[PDB]
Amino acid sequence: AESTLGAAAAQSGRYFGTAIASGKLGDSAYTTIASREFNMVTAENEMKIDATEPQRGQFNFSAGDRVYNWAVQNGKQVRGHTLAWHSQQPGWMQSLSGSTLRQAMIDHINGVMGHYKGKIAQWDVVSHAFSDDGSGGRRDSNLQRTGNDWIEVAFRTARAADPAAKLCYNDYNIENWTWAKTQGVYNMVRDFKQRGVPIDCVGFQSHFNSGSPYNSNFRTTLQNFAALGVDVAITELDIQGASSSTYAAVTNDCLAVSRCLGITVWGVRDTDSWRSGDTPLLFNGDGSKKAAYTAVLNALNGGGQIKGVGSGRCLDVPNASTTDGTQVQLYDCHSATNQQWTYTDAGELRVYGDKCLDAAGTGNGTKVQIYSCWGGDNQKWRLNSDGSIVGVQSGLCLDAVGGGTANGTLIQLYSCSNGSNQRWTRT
């Protein structure tokens, strides 16, 4: 299969997952997308410490099991998240320290893993353990103050609790190889493998944005860690702006690393994101696939003028007009700026540099024209592998009116049909 993300990833033995929030499982639009596109699930918050052990010694798995059950019943594996870390600790744990905190950490690991023993593919045993101060050292926390060996102990405890689960160390800002934080974690994992500390994977959260941007060296980081003898996983992927190129780049980085188990994006729709303002996911709030979705799917499936297949003519702005509202047409291909389209990372098809291929509405017959670029979804398009070009907002295909092939044939939106008047080639 190759029409959905999970299935496409499965072609190479990998998974494509998402973060599931129990409070959204009653939302049909949400579950329809989530069940269809992903074959791996991480509970966004339901398996954290405060959620699983609200009171010291009092475990509660109602929320966690709801997410776990939904996952398995819908054919998805599960990544446990998270057994031991400084954030979101229940009140009682926040006030603990020293030996008592160390034992509390151990009891928690045993309780949660015991409950899910043998049913979890991967567990984020420890997360957010390193600082962002640039020293590459451990971050100051109550857990770290119990002893620098707390992480090692967590892993040994986890291995004994459930030998069937892959144990991962998870963190953010450890994707760029040149960063001190990345080196700090690398050195720790290397030390662990050399001394026999039970660690099977390293999770790279991959929360990319202009403050901490994706860099091509992420692939090198993944390869360097894989060379240590551990699997790697992209665990909480989201990209500020959802650039199609960046999303495809990260996807290809995992495909380039034999031990990269798969990729999990942190949420289903942008409206479900912990950082919705960065519109960092693959689906819009209205459920429509973003340009980045198609870029990722194309990558998972193994991978200028825009010429119509049925007509042999090019997408053309009549008389090189730059006027907003000018409907586009088919016209004999020739060297002219009004036939030069640029596909951007935002999914736009630009002409003249700042004009955008624009749908004047959402239904069949809608006029496709040029309008100054502003970022609307009616100006975003998905370039499908079959040659069709689909509008993000409308879900409709660019269509040469009535199957016309002569110069002057207008372009409109129309239900996709795989017809030759809806197929295009670029060069």
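Note that residue numbering begins at 1 and tracks the sequence as displayed.
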Please classify the coordinate gap between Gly114 and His115 in terms of deposited residues: none, 1 to 3, 4 to 9, or 10 or more.
none
Comparing average C-alpha B factors as deposited, tell me which of 416-424 and 4-12 sits higher.
416-424
The stretch whose C-alpha atoms carry the larger average B-factor in the entry, 304-312 or 213-221, is 304-312
Between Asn187, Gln73, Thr251, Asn284, which one tops the list for C-alpha B-factor in the PDB entry?
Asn187
When you compare the CA B-factors of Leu143, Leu297, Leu357, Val232 as listed in the entry, which one comes out on top?
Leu143
Using only modelled residues of the chain, where does the Cα B factor of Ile174 rank: lowest third, middle third or highest third?
middle
Determine, from the deposited record, the chain-internal third of the Cα B-factor for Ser276: lowest, middle or highest.
middle
Ranked C-alpha temperature factor of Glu46 among modelled chain residues, by third:
middle
Among the modelled residues of its chain, the C-alpha B-factor of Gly262 falls in the third labelled lowest
Place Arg102 in the lowest, middle or highest third of its chain's C-alpha B-factors, as listed in the PDB entry.
highest
